[PDB]
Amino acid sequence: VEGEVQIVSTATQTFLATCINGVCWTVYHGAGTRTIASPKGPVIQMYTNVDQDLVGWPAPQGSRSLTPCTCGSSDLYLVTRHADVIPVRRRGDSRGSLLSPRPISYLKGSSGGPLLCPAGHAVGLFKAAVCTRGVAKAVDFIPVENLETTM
């Protein structure tokens, strides 16, 4: 059994990574320039785009790539580090609003996680929560089109 999303961890932080098109992508504000661990020693990032808060390593063992969305839908679903699924209506290129706002804590540690269209295909990487007084109502995400061009 292989997973598309890996729960990754730094000394100071913990967050998600998502494998798409054979690359393990996650947020720069979590990974920095770090190598990813492997049973043969550290592996250096394949891509680094600080402009877009995006980095990628080669996809690790135990992983399986997501397919990029191509149906344009606006009904998204964010998957959290707890495997919770959260419906998110899309507003713009990198913005989406939670159909049911949640405490900020509920999304904590999930940046790097996937935003799925109705077909389970990747629309973007969860970048950051948009909060009013501890209540997340929307999210920013790195559109998967950015991933595809960054390659």
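The numbering used is simple: start at 1 and walk along the sequence shown.
Across the two stretches, 20 to 28 and 131 to 139, the PDB entry reports the greater mean Cα temperature factor for 131 to 139.
The question of which stretch, 90 to 98 or 106 to 114, has the higher mean Cα B factor is settled in favour of 90 to 98. Taking only the listed residues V43, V50, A122, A83, the entry reports the highest CA temperature factor at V50. Looking at the C-alpha B-factors along this chain, the one for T33 belongs to the middle third. Ranked against the other modelled residues of its chain, the C-alpha B-factor of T70 as given in the entry falls in the highest third.
For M151, the recorded CA temperature factor ranks within the highest third of the chain's modelled residues.
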